[PDB]
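Trainee: Dropping in my_file-v5.txt, which is compact mmCIF, C-alpha atoms and all ligand atoms:
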```txt
# COMPACT_ATOMS: atom_id res chain seq x y z
CA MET B 1 24.52 -16.82 13.15
CA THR B 2 23.32 -18.02 9.75
CA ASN B 3 23.33 -14.42 8.48
CA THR B 4 20.49 -15.46 6.20
CA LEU B 5 16.79 -14.60 6.07
CA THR B 6 14.18 -17.31 5.50
CA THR B 7 10.60 -16.98 4.28
CA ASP B 8 9.30 -18.05 7.68
CA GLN B 9 11.48 -15.49 9.45
CA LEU B 10 10.15 -12.65 7.30
CA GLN B 11 6.55 -13.76 7.71
CA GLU B 12 7.05 -13.82 11.50
CA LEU B 13 8.48 -10.28 11.51
CA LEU B 14 5.55 -8.99 9.44
CA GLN B 15 3.13 -10.67 11.87
CA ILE B 16 4.88 -9.11 14.88
CA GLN B 17 4.71 -5.63 13.35
CA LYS B 18 1.05 -6.13 12.38
CA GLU B 19 -0.05 -6.95 15.93
CA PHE B 20 1.59 -3.79 17.24
CA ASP B 21 0.31 -1.44 14.52
CA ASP B 22 -3.24 -2.70 15.02
CA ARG B 23 -3.10 -0.92 18.39
CA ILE B 24 -2.26 2.42 16.72
CA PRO B 25 -5.49 4.12 15.54
CA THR B 26 -3.79 7.15 13.95
CA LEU B 27 -1.70 4.87 11.71
CA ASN B 28 -0.81 6.92 8.64
CA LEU B 29 1.19 5.56 5.72
CA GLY B 30 2.64 8.92 4.70
CA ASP B 31 3.85 9.50 8.25
CA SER B 32 5.37 5.99 8.41
CA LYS B 33 7.36 6.66 5.23
CA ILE B 34 8.78 9.87 6.68
CA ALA B 35 9.58 8.08 9.97
CA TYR B 36 11.49 5.45 7.95
CA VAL B 37 13.78 8.13 6.54
CA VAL B 38 14.22 9.93 9.86
CA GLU B 39 15.08 6.64 11.61
CA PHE B 40 17.47 5.85 8.75
CA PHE B 41 19.42 9.03 9.39
CA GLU B 42 19.50 8.29 13.11
CA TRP B 43 21.06 4.89 12.38
CA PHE B 44 23.50 6.54 9.94
CA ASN B 45 24.45 8.96 12.71
CA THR B 46 25.50 5.99 14.90
CA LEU B 47 27.80 4.61 12.21
CA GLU B 48 29.68 7.94 12.15
CA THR B 49 31.61 7.37 8.93
CA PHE B 50 31.57 11.17 8.38
CA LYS B 51 32.79 12.09 11.88
CA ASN B 52 36.48 12.64 11.11
CA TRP B 53 36.96 14.45 14.42
CA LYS B 54 36.36 11.37 16.54
CA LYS B 55 39.09 9.04 17.85
CA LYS B 56 36.77 6.06 17.84
CA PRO B 57 33.92 6.86 15.46
CA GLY B 58 31.02 4.48 15.62
CA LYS B 59 28.76 3.92 18.59
CA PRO B 60 28.70 0.56 20.44
CA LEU B 61 27.37 -2.33 18.33
CA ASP B 62 24.24 -2.70 20.48
CA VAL B 63 23.36 0.97 19.90
CA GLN B 64 23.87 0.67 16.14
CA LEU B 65 21.71 -2.48 16.02
CA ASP B 66 18.97 -0.86 18.10
CA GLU B 67 18.81 2.12 15.73
CA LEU B 68 18.84 -0.24 12.71
CA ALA B 69 15.90 -2.13 14.24
CA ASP B 70 13.91 1.14 14.11
CA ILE B 71 14.39 1.25 10.33
CA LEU B 72 13.14 -2.34 10.15
CA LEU B 73 10.09 -1.50 12.31
CA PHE B 74 8.87 1.19 9.90
CA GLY B 75 9.89 -0.89 6.88
CA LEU B 76 7.69 -3.77 8.06
CA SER B 77 4.86 -1.36 8.93
CA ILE B 78 4.93 0.22 5.47
CA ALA B 79 4.92 -3.23 3.83
CA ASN B 80 1.93 -4.32 5.94
CA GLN B 81 0.02 -1.10 5.24
CA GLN B 82 0.50 -1.59 1.50
CA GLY B 83 -0.53 -5.25 1.61
CA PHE B 84 2.47 -7.57 1.45
CA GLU B 85 1.35 -10.55 -0.64
CA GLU B 86 3.08 -13.83 -1.51
CA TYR B 87 4.20 -12.38 -4.83
CA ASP B 88 5.65 -9.32 -3.06
CA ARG B 89 7.58 -11.69 -0.82
CA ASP B 90 9.03 -13.53 -3.85
CA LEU B 91 10.11 -10.26 -5.48
CA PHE B 92 11.71 -9.21 -2.21
CA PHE B 93 13.87 -12.35 -2.00
CA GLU B 94 14.88 -11.99 -5.65
CA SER B 95 15.77 -8.31 -5.13
CA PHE B 96 17.61 -9.09 -1.90
CA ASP B 97 19.59 -12.01 -3.36
CA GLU B 98 20.67 -10.14 -6.45
CA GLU B 99 21.44 -6.72 -5.00
CA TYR B 100 24.96 -5.87 -6.17
CA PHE B 101 25.54 -2.32 -4.93
CA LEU B 102 24.89 -2.44 -1.19
CA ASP B 103 28.00 -4.29 -0.06
CA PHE B 104 30.28 -3.58 2.92
CA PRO B 105 32.71 -1.12 1.26
CA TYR B 106 29.90 0.93 -0.25
CA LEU B 107 27.96 1.13 3.02
CA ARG B 108 31.14 2.23 4.82
CA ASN B 109 31.53 5.19 2.44
CA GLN B 110 29.96 8.28 4.02
CA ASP B 111 28.86 9.52 0.56
CA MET B 112 26.39 6.60 0.45
CA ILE B 113 23.93 8.89 2.25
CA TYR B 114 23.54 11.05 -0.90
CA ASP B 115 22.48 7.99 -2.92
CA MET B 116 20.03 7.03 -0.20
CA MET B 117 18.51 10.53 -0.23
CA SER B 118 18.09 10.29 -4.01
CA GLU B 119 15.97 7.19 -3.37
CA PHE B 120 14.13 8.66 -0.38
CA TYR B 121 12.66 11.66 -2.17
CA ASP B 122 11.40 9.55 -5.11
CA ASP B 123 7.64 8.97 -4.87
CA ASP B 124 8.13 5.53 -6.43
CA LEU B 125 10.37 4.04 -3.70
CA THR B 126 8.79 0.65 -2.99
CA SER B 127 8.16 -1.05 0.34
CA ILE B 128 10.18 -3.97 -1.06
CA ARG B 129 13.18 -1.72 -1.70
CA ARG B 130 12.97 -0.30 1.84
CA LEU B 131 13.20 -3.82 3.21
CA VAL B 132 16.04 -4.79 0.86
CA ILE B 133 18.03 -1.80 2.14
CA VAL B 134 17.67 -2.62 5.83
CA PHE B 135 18.39 -6.34 5.45
CA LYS B 136 21.46 -5.75 3.24
CA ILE B 137 22.84 -3.38 5.86
CA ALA B 138 22.31 -6.08 8.52
CA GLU B 139 23.82 -8.75 6.27
CA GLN B 140 26.85 -6.66 5.31
CA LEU B 141 27.74 -4.63 8.43
CA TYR B 142 26.26 -6.79 11.17
CA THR B 143 24.29 -10.00 10.88
CA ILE B 144 20.65 -10.54 9.99
CA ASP B 145 20.43 -12.58 13.18
CA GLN B 146 21.42 -9.65 15.45
CA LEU B 147 19.04 -7.35 13.68
CA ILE B 148 16.14 -9.73 14.22
CA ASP B 149 17.15 -10.15 17.88
CA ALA B 150 17.28 -6.37 18.50
CA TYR B 151 13.92 -5.85 16.78
CA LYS B 152 12.18 -8.61 18.73
CA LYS B 153 13.58 -7.19 22.00
CA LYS B 154 12.34 -3.73 21.02
CA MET B 155 8.87 -4.96 20.13
CA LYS B 156 8.56 -6.87 23.41
CA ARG B 157 9.29 -3.63 25.27
CA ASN B 158 6.88 -1.81 22.94
CA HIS B 159 4.04 -4.18 23.82
CA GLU B 160 4.82 -3.71 27.51
CA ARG B 161 4.53 0.08 27.05
CA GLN B 162 1.20 -0.06 25.20
CA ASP B 163 0.06 -2.58 27.86
CA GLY B 164 0.92 -0.13 30.63
CA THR B 165 3.32 -2.53 32.33
CA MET V 1 -19.10 1.12 -26.29
CA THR V 2 -16.52 -1.66 -26.23
CA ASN V 3 -17.49 -2.48 -22.62
CA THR V 4 -13.91 -3.61 -22.16
CA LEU V 5 -10.98 -2.23 -20.16
CA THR V 6 -7.50 -2.04 -21.70
CA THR V 7 -4.12 -1.77 -19.97
CA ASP V 8 -3.67 1.75 -21.33
CA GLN V 9 -7.10 2.81 -20.07
CA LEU V 10 -6.34 1.61 -16.54
CA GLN V 11 -2.92 3.25 -16.51
CA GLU V 12 -4.54 6.54 -17.60
CA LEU V 13 -7.12 6.35 -14.80
CA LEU V 14 -4.41 5.69 -12.21
CA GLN V 15 -2.44 8.67 -13.54
CA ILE V 16 -5.51 10.94 -13.36
CA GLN V 17 -6.19 9.94 -9.75
CA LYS V 18 -2.52 10.38 -8.82
CA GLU V 19 -2.38 13.98 -10.04
CA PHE V 20 -5.42 14.88 -7.96
CA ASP V 21 -4.34 13.10 -4.76
CA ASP V 22 -0.93 14.78 -4.91
CA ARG V 23 -2.80 18.00 -4.09
CA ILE V 24 -4.26 16.47 -0.90
CA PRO V 25 -1.73 16.79 1.96
CA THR V 26 -3.85 14.98 4.57
CA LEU V 27 -4.09 11.90 2.33
CA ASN V 28 -4.66 8.94 4.64
CA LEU V 29 -4.96 5.36 3.42
CA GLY V 30 -7.17 4.21 6.29
CA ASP V 31 -9.57 7.06 5.62
CA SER V 32 -9.62 6.30 1.87
CA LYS V 33 -10.58 2.68 2.59
CA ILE V 34 -13.50 3.79 4.76
CA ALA V 35 -14.56 6.33 2.10
CA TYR V 36 -14.58 3.50 -0.47
CA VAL V 37 -17.14 1.60 1.60
CA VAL V 38 -19.25 4.65 2.35
CA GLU V 39 -19.31 5.62 -1.35
CA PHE V 40 -20.18 2.00 -2.18
CA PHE V 41 -23.28 2.17 -0.02
CA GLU V 42 -24.25 5.48 -1.58
CA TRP V 43 -24.09 3.88 -5.04
CA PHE V 44 -26.06 0.88 -3.74
CA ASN V 45 -28.69 3.31 -2.45
CA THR V 46 -29.16 4.63 -6.02
CA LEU V 47 -29.78 1.14 -7.40
CA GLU V 48 -32.66 0.70 -4.92
CA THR V 49 -33.10 -3.05 -5.31
CA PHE V 50 -34.34 -3.17 -1.68
CA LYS V 51 -36.86 -0.31 -2.02
CA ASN V 52 -40.02 -2.37 -2.52
CA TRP V 53 -42.18 0.67 -1.76
CA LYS V 54 -41.16 2.54 -4.89
CA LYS V 55 -43.07 2.49 -8.20
CA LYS V 56 -39.91 3.06 -10.21
CA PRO V 57 -36.99 2.03 -8.02
CA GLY V 58 -33.61 3.04 -9.33
CA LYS V 59 -32.38 6.58 -9.81
CA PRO V 60 -31.64 7.97 -13.30
CA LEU V 61 -28.72 6.25 -15.05
CA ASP V 62 -26.54 9.38 -14.89
CA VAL V 63 -26.98 9.54 -11.11
CA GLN V 64 -26.12 5.86 -10.67
CA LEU V 65 -23.02 6.25 -12.86
CA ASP V 66 -21.91 9.36 -10.98
CA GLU V 67 -22.14 7.54 -7.64
CA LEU V 68 -20.32 4.52 -9.13
CA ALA V 69 -17.53 6.85 -10.29
CA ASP V 70 -17.00 7.82 -6.61
CA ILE V 71 -16.26 4.17 -5.80
CA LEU V 72 -13.76 4.13 -8.66
CA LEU V 73 -12.10 7.34 -7.42
CA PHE V 74 -11.30 5.86 -4.00
CA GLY V 75 -10.44 2.49 -5.54
CA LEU V 76 -7.81 4.12 -7.76
CA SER V 77 -6.55 6.24 -4.85
CA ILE V 78 -6.10 3.18 -2.62
CA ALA V 79 -4.27 1.34 -5.42
CA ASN V 80 -1.92 4.30 -5.95
CA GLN V 81 -1.27 4.71 -2.22
CA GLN V 82 -0.31 1.03 -1.97
CA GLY V 83 1.94 1.16 -5.03
CA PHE V 84 0.27 -0.35 -8.08
CA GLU V 85 3.03 -2.15 -9.99
CA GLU V 86 3.05 -3.92 -13.35
CA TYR V 87 2.58 -7.26 -11.61
CA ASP V 88 -0.40 -5.88 -9.66
CA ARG V 89 -1.89 -4.79 -12.97
CA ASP V 90 -1.49 -8.31 -14.43
CA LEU V 91 -3.15 -9.89 -11.39
CA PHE V 92 -5.98 -7.39 -11.68
CA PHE V 93 -6.73 -8.32 -15.30
CA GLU V 94 -6.59 -12.03 -14.46
CA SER V 95 -8.92 -11.52 -11.47
CA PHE V 96 -11.25 -9.34 -13.52
CA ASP V 97 -11.40 -11.72 -16.50
CA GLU V 98 -12.07 -14.78 -14.41
CA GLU V 99 -14.49 -13.39 -11.84
CA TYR V 100 -17.51 -15.73 -11.91
CA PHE V 101 -19.75 -14.46 -9.11
CA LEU V 102 -20.32 -10.78 -9.87
CA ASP V 103 -22.68 -11.11 -12.82
CA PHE V 104 -25.88 -9.16 -13.58
CA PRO V 105 -28.40 -11.36 -11.71
CA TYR V 106 -26.25 -11.48 -8.59
CA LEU V 107 -25.69 -7.72 -8.54
CA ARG V 108 -29.43 -7.16 -8.95
CA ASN V 109 -30.14 -9.21 -5.80
CA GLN V 110 -30.45 -6.84 -2.82
CA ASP V 111 -28.87 -9.50 -0.53
CA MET V 112 -25.58 -8.95 -2.41
CA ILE V 113 -24.89 -6.13 0.06
CA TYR V 114 -24.36 -8.67 2.89
CA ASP V 115 -21.64 -10.42 0.89
CA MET V 116 -20.01 -7.09 0.15
CA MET V 117 -20.01 -6.20 3.86
CA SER V 118 -18.36 -9.53 4.64
CA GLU V 119 -15.54 -8.45 2.31
CA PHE V 120 -15.44 -4.85 3.57
CA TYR V 121 -14.73 -5.65 7.21
CA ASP V 122 -11.90 -8.08 6.34
CA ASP V 123 -8.50 -6.49 6.95
CA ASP V 124 -7.12 -8.45 3.98
CA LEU V 125 -9.37 -6.94 1.27
CA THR V 126 -6.94 -6.02 -1.51
CA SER V 127 -6.80 -2.89 -3.64
CA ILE V 128 -7.00 -5.23 -6.65
CA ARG V 129 -10.26 -6.73 -5.38
CA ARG V 130 -11.74 -3.26 -4.81
CA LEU V 131 -11.04 -2.44 -8.45
CA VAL V 132 -12.39 -5.77 -9.70
CA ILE V 133 -15.66 -5.05 -7.88
CA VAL V 134 -16.21 -1.61 -9.36
CA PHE V 135 -15.30 -2.59 -12.93
CA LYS V 136 -17.49 -5.73 -12.85
CA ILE V 137 -20.43 -3.62 -11.71
CA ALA V 138 -19.79 -1.23 -14.64
CA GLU V 139 -19.37 -4.14 -17.06
CA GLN V 140 -22.49 -5.96 -15.88
CA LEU V 141 -25.03 -3.23 -15.00
CA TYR V 142 -23.79 -0.36 -17.15
CA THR V 143 -20.77 -0.20 -19.41
CA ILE V 144 -17.12 0.31 -18.55
CA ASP V 145 -17.17 3.13 -21.09
CA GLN V 146 -19.86 5.13 -19.23
CA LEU V 147 -18.10 4.63 -15.95
CA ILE V 148 -14.85 6.00 -17.35
CA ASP V 149 -16.73 8.93 -18.90
CA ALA V 150 -18.47 9.83 -15.61
CA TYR V 151 -15.21 9.57 -13.66
CA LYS V 152 -13.26 11.76 -16.10
CA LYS V 153 -16.06 14.38 -15.99
CA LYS V 154 -15.99 14.29 -12.18
CA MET V 155 -12.22 14.66 -12.01
CA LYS V 156 -12.27 17.61 -14.42
CA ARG V 157 -14.72 19.36 -12.11
CA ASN V 158 -12.57 18.31 -9.13
CA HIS V 159 -9.49 19.97 -10.61
CA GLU V 160 -11.52 23.11 -11.28
CA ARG V 161 -12.56 23.17 -7.59
CA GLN V 162 -9.03 22.72 -6.24
CA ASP V 163 -7.92 25.35 -8.80
CA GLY V 164 -10.47 27.82 -7.46
CA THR V 165 -12.20 28.23 -10.82
CA CA W 1 16.01 5.41 16.05
CA CA W 2 -0.01 -4.60 -1.92
CA CA W 3 -21.06 9.23 -3.80
CA CA W 4 2.36 -2.21 -3.79
CL CL W 5 32.49 19.53 15.68
CL CL W 6 -40.62 4.03 4.04
MG MG W 7 17.55 -16.77 -5.38
MG MG W 8 -7.17 -13.27 -19.76
```
Show the structure stored in the file as C-alpha cells.
Mentor:
Amino acid sequence: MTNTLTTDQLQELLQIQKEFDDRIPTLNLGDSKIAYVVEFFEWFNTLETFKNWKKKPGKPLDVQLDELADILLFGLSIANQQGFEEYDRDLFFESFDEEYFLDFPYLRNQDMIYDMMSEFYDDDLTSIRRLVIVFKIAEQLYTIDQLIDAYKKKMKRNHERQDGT
Amino acid sequence: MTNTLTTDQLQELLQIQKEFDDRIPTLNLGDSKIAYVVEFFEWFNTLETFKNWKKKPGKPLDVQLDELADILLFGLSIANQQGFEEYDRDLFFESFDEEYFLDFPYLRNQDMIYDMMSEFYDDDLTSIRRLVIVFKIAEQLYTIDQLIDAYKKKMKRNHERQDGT
C-alpha cells in the first residue's frame, strides 16, 4: 500500500477505460458527466456521515470502495472523451499534489456534499478536477491502492458481461 | 484584411459557438466529430480541384466561404465540448504558427483529401488540430477575416432560426 499514484498507473487506468468504452456505441459525454454525479451521490450514501439514526453508520469497506470505483470509471471515461494529453496529465498531478481542501476531516463532514454540488452544477468543472476529487477521496479515506484494485476487478467483470460470459 | 487571428478573436468565436450549442439538448460529441468531417467534404466539393470536366471549377467565393464556416462551427463546438483551456489556446497558436504542410499549393492539390481522411479516421485527432486545419485553409486560400465574417453571419441567422424569427 504505497497510497500514491504514478504516471504509469494513471495511463494504465485510462487505457483500461478506453478499451471498454470503445464497445459502447451510444457513448455520450453529457450523459457520462451526469452519471459521474449520480455515482458520486451513491458513494456518498455509503459513507453515511449524515445518517445520525444509525448505530454503525458506514457500509462495509468493500462496498464503499466498489461505489467509489464507479466514480473513477466515469471520471476516466470523461477524461478520455475529452482527450487526455500529456499536458493534461501534468496538470492533474500538480492539482492532485497541491490540493489543500480535500483532506480527511473535511471529507468526513456531511456538509461537504453542498460544496461538491456547487462544483457539479458549474459548466466549467474540468475532467482533471473530477479525477482529483476521486483520487483524493481514495488517498484520504481509503488508499489509492484499494481503489485501483476495486476498479480493475469491476472492469474485469464488465468485460465478461459485454463478452457474454 | 489582416489575415491574422488574435487571442481575443478566437475567444469571441468560442463564446459565440457556446451560446448556440447551449440551446441544443441532444448535443453529442461523437456526432459533432462526424459532422465536422461531413462538412469538410462539402467544403472540399465546392473547391472542385478534382472536377476536371468543368470549364470553371470552383464555386463562387461566397459559397466556398459559407461551407468553410460550417467546418469552423463544428470545430469550435468540439473544442468547447472538450473544454478549451488557456493552455489549449497556447498550443493552438503554436501549432497554427508553425504548421508547414498546409500551404496554398498543397491545399490546391486534389490528393490532399486522402491525407485529410488519414487524419479523420484516427481516434486521436485533437480538437486543436481540427481548428488548425480550418484556419490554415482560410489563411492560405481565402482570408481569416472572410471566414470569421461568414461564420458570424451564419450564427446570426442560426440564432434567428432557434428564436423562431
Ligand atoms: Ca455506484
Ligand atoms: Ca483534450
Ligand atoms: Ca456545409
Ligand atoms: Ca479539455
Ligand atoms: Cl429515517
Ligand atoms: Cl460526370
Ligand atoms: Mg509535485
Ligand atoms: Mg509564435
Trainee: Determine, counting all atoms listed in the file, which protein, DNA and RNA residues have an atom within 9 Å of an atom of residue V:104; residues of the same chain fewer than 6 positions away are not included. Present the result as a list in words.
Mentor: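 Listed by chain and then number, they are residues 137, 139, 140 and 141 of chain V.
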Trainee: What's around stretch 40-56 of chain V at 7 Å? Count all atoms listed in the file, leave out sequence neighbours fewer than 3 positions away in its own chain, and write the answer as a list in words.
Mentor: residues 36, 37, 59, 64, 67, 68, 71, 108, 109 and 110 of chain V
Trainee: Can you work out the spacing between atom CA of residue B:58 and atom CA of residue B:156 in Å, to one decimal?
Mentor: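 Going from atom CA of residue B:58 over to atom CA of residue B:156, I get 26.3 Å.
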Trainee: Out of V:7, V:26, V:146, V:82, which residue has the shortest atom-to-atom distance to chain B when counting all atoms listed in the file?
Mentor: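 For chain B, the nearest of the given residues is V:82.
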Trainee: Dump the neighbourhood of ligand MG 7 (chain W) as a PyMOL selection string: all residues within 8 Å, distances computed on only C-alpha atoms and all ligand atoms.
Mentor: chain B and resi 93-94+97-98
Trainee: Please produce a file of the residues just selected, as a PDB file, in the coordinates of the input, where the atoms kept are C-alpha atoms.
Mentor:
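Result went into result18.pdb, see below:
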```pdb
ATOM      1  CA  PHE B  93      13.870 -12.350  -2.000  1.00  0.00           C
ATOM      2  CA  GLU B  94      14.880 -11.990  -5.650  1.00  0.00           C
ATOM      3  CA  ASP B  97      19.590 -12.010  -3.360  1.00  0.00           C
ATOM      4  CA  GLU B  98      20.670 -10.140  -6.450  1.00  0.00           C
TER       5      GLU B  98
END
```
Trainee: Give as a compact mmCIF listing (two decimals) with C-alpha atoms, in the frame of the given file every residue of chain V that touches chain B within 10 Å, counting only C-alpha atoms.
Mentor:
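Result went into part00.txt, see below:
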```txt
# COMPACT_ATOMS: atom_id res chain seq x y z
CA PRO V 25 -1.73 16.79 1.96
CA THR V 26 -3.85 14.98 4.57
CA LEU V 27 -4.09 11.90 2.33
CA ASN V 28 -4.66 8.94 4.64
CA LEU V 29 -4.96 5.36 3.42
CA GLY V 30 -7.17 4.21 6.29
CA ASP V 31 -9.57 7.06 5.62
CA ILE V 78 -6.10 3.18 -2.62
CA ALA V 79 -4.27 1.34 -5.42
CA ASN V 80 -1.92 4.30 -5.95
CA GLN V 81 -1.27 4.71 -2.22
CA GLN V 82 -0.31 1.03 -1.97
CA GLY V 83 1.94 1.16 -5.03
CA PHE V 84 0.27 -0.35 -8.08
CA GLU V 85 3.03 -2.15 -9.99
CA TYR V 87 2.58 -7.26 -11.61
CA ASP V 88 -0.40 -5.88 -9.66
CA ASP V 123 -8.50 -6.49 6.95
CA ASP V 124 -7.12 -8.45 3.98
CA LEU V 125 -9.37 -6.94 1.27
CA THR V 126 -6.94 -6.02 -1.51
CA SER V 127 -6.80 -2.89 -3.64
```
Trainee: Pairing the C-alpha atoms in order across the whole chain, superpose chain V onto chain B by least squares and write the result as a compact mmCIF listing (two decimals) with C-alpha atoms, keeping the file's coordinate frame.
Mentor:
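Ended up saving to out-v1.txt:
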```txt
# COMPACT_ATOMS: atom_id res chain seq x y z
CA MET V 1 24.52 -16.83 13.14
CA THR V 2 23.32 -18.02 9.75
CA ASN V 3 23.32 -14.42 8.48
CA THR V 4 20.50 -15.46 6.19
CA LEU V 5 16.79 -14.60 6.07
CA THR V 6 14.18 -17.32 5.50
CA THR V 7 10.59 -16.98 4.27
CA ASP V 8 9.30 -18.06 7.68
CA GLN V 9 11.48 -15.49 9.46
CA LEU V 10 10.15 -12.65 7.30
CA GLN V 11 6.55 -13.76 7.71
CA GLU V 12 7.05 -13.82 11.51
CA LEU V 13 8.48 -10.28 11.51
CA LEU V 14 5.55 -8.99 9.44
CA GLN V 15 3.13 -10.67 11.86
CA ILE V 16 4.88 -9.12 14.89
CA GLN V 17 4.70 -5.64 13.35
CA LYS V 18 1.05 -6.13 12.38
CA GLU V 19 -0.05 -6.95 15.93
CA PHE V 20 1.59 -3.79 17.24
CA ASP V 21 0.31 -1.43 14.52
CA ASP V 22 -3.24 -2.70 15.02
CA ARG V 23 -3.10 -0.92 18.39
CA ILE V 24 -2.26 2.42 16.71
CA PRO V 25 -5.49 4.12 15.54
CA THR V 26 -3.79 7.15 13.95
CA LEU V 27 -1.70 4.87 11.71
CA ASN V 28 -0.82 6.92 8.64
CA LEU V 29 1.19 5.56 5.72
CA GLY V 30 2.64 8.92 4.70
CA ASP V 31 3.85 9.50 8.24
CA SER V 32 5.38 5.99 8.42
CA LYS V 33 7.36 6.66 5.23
CA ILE V 34 8.78 9.88 6.68
CA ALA V 35 9.58 8.08 9.96
CA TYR V 36 11.49 5.45 7.96
CA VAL V 37 13.78 8.13 6.55
CA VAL V 38 14.22 9.93 9.85
CA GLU V 39 15.08 6.64 11.61
CA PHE V 40 17.47 5.85 8.75
CA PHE V 41 19.41 9.03 9.39
CA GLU V 42 19.50 8.29 13.11
CA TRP V 43 21.06 4.89 12.38
CA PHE V 44 23.50 6.54 9.95
CA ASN V 45 24.45 8.96 12.72
CA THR V 46 25.50 5.99 14.90
CA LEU V 47 27.80 4.61 12.21
CA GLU V 48 29.68 7.94 12.15
CA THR V 49 31.61 7.37 8.93
CA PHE V 50 31.58 11.17 8.38
CA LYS V 51 32.79 12.10 11.89
CA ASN V 52 36.48 12.63 11.11
CA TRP V 53 36.96 14.45 14.42
CA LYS V 54 36.36 11.37 16.53
CA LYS V 55 39.09 9.05 17.86
CA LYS V 56 36.76 6.05 17.84
CA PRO V 57 33.92 6.86 15.46
CA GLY V 58 31.02 4.47 15.62
CA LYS V 59 28.76 3.91 18.59
CA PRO V 60 28.70 0.56 20.44
CA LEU V 61 27.37 -2.33 18.33
CA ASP V 62 24.23 -2.70 20.48
CA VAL V 63 23.35 0.96 19.90
CA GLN V 64 23.86 0.68 16.14
CA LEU V 65 21.72 -2.48 16.02
CA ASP V 66 18.98 -0.86 18.09
CA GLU V 67 18.81 2.12 15.72
CA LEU V 68 18.84 -0.24 12.71
CA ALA V 69 15.90 -2.14 14.24
CA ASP V 70 13.91 1.14 14.11
CA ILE V 71 14.39 1.25 10.33
CA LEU V 72 13.14 -2.34 10.16
CA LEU V 73 10.09 -1.51 12.30
CA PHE V 74 8.87 1.19 9.90
CA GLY V 75 9.89 -0.89 6.88
CA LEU V 76 7.69 -3.77 8.06
CA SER V 77 4.87 -1.36 8.94
CA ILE V 78 4.93 0.22 5.47
CA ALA V 79 4.92 -3.23 3.84
CA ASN V 80 1.93 -4.32 5.93
CA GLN V 81 0.02 -1.09 5.25
CA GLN V 82 0.50 -1.59 1.50
CA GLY V 83 -0.53 -5.25 1.61
CA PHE V 84 2.46 -7.57 1.45
CA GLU V 85 1.36 -10.55 -0.64
CA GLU V 86 3.08 -13.83 -1.50
CA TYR V 87 4.20 -12.38 -4.83
CA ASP V 88 5.65 -9.32 -3.06
CA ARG V 89 7.58 -11.69 -0.82
CA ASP V 90 9.03 -13.53 -3.85
CA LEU V 91 10.11 -10.26 -5.48
CA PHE V 92 11.71 -9.21 -2.21
CA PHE V 93 13.87 -12.34 -2.00
CA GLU V 94 14.88 -11.99 -5.65
CA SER V 95 15.77 -8.31 -5.13
CA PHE V 96 17.61 -9.09 -1.91
CA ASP V 97 19.59 -12.01 -3.37
CA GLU V 98 20.67 -10.14 -6.45
CA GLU V 99 21.43 -6.72 -4.99
CA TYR V 100 24.97 -5.87 -6.17
CA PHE V 101 25.54 -2.32 -4.93
CA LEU V 102 24.88 -2.44 -1.19
CA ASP V 103 28.00 -4.29 -0.07
CA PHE V 104 30.28 -3.58 2.92
CA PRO V 105 32.71 -1.12 1.26
CA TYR V 106 29.90 0.92 -0.25
CA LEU V 107 27.97 1.13 3.02
CA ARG V 108 31.13 2.23 4.82
CA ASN V 109 31.53 5.19 2.43
CA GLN V 110 29.95 8.28 4.03
CA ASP V 111 28.86 9.53 0.55
CA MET V 112 26.39 6.60 0.45
CA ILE V 113 23.94 8.89 2.25
CA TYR V 114 23.54 11.04 -0.90
CA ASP V 115 22.48 8.00 -2.92
CA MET V 116 20.03 7.03 -0.20
CA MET V 117 18.52 10.53 -0.24
CA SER V 118 18.10 10.29 -4.00
CA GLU V 119 15.98 7.18 -3.37
CA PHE V 120 14.12 8.66 -0.38
CA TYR V 121 12.65 11.66 -2.18
CA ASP V 122 11.39 9.55 -5.11
CA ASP V 123 7.64 8.98 -4.87
CA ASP V 124 8.13 5.53 -6.43
CA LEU V 125 10.37 4.04 -3.70
CA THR V 126 8.80 0.65 -2.99
CA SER V 127 8.16 -1.05 0.34
CA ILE V 128 10.18 -3.98 -1.06
CA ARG V 129 13.18 -1.72 -1.69
CA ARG V 130 12.97 -0.29 1.84
CA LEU V 131 13.20 -3.83 3.21
CA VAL V 132 16.04 -4.79 0.86
CA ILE V 133 18.03 -1.81 2.14
CA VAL V 134 17.67 -2.62 5.82
CA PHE V 135 18.39 -6.34 5.45
CA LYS V 136 21.45 -5.75 3.24
CA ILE V 137 22.85 -3.38 5.85
CA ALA V 138 22.31 -6.08 8.52
CA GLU V 139 23.82 -8.75 6.27
CA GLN V 140 26.85 -6.66 5.31
CA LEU V 141 27.74 -4.62 8.43
CA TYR V 142 26.26 -6.78 11.17
CA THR V 143 24.29 -9.99 10.88
CA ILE V 144 20.65 -10.54 9.99
CA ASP V 145 20.43 -12.58 13.18
CA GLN V 146 21.42 -9.65 15.45
CA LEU V 147 19.04 -7.35 13.68
CA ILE V 148 16.14 -9.73 14.23
CA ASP V 149 17.15 -10.15 17.88
CA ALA V 150 17.28 -6.38 18.50
CA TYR V 151 13.92 -5.85 16.78
CA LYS V 152 12.17 -8.61 18.73
CA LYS V 153 13.58 -7.19 22.01
CA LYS V 154 12.34 -3.72 21.03
CA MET V 155 8.87 -4.96 20.13
CA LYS V 156 8.56 -6.86 23.41
CA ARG V 157 9.29 -3.64 25.27
CA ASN V 158 6.88 -1.82 22.94
CA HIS V 159 4.04 -4.18 23.82
CA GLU V 160 4.82 -3.72 27.51
CA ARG V 161 4.53 0.08 27.05
CA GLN V 162 1.21 -0.06 25.20
CA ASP V 163 0.06 -2.58 27.86
CA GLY V 164 0.91 -0.13 30.63
CA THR V 165 3.33 -2.53 32.33
```
Trainee: Applying 8 Å and only C-alpha atoms, which residues near stretch 130-135 of chain B remain after dropping the ones on its own chain fewer than 6 positions away? List them as a ChimeraX atom specification.
Mentor: /B:68,71-72,75-76,92,95-96,102,144
Trainee: For each of B:8, B:70, B:149, B:19, take the minimum atom-to-atom distance to ligand CA 1 (chain W), counting only C-alpha atoms and all ligand atoms, then give the residue where this is smallest.
Mentor: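 Selected residue with least distance to ligand CA 1 (chain W): B:70.
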Trainee: Report the distance between atom CA of residue B:39 and atom CA of residue B:138 in Å, rounded to one decimal place.
Mentor: 15.0 Å
Trainee: Calculate how many Å separate atom CA of residue V:114 from atom CA of residue V:38, rounding to one decimal.
Mentor: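 Interatomic distance, atom CA of residue V:114 to atom CA of residue V:38: 14.3 Å.
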Trainee: Extract, using all atoms listed in the file, all DNA, RNA and protein residues at most 10 Å from residue V:13, discarding same-chain residues fewer than 4 positions from it, and format them as a list in words.
Mentor: residues 8, 9, 17, 18, 72, 73, 76, 77, 148, 151 and 152 of chain V
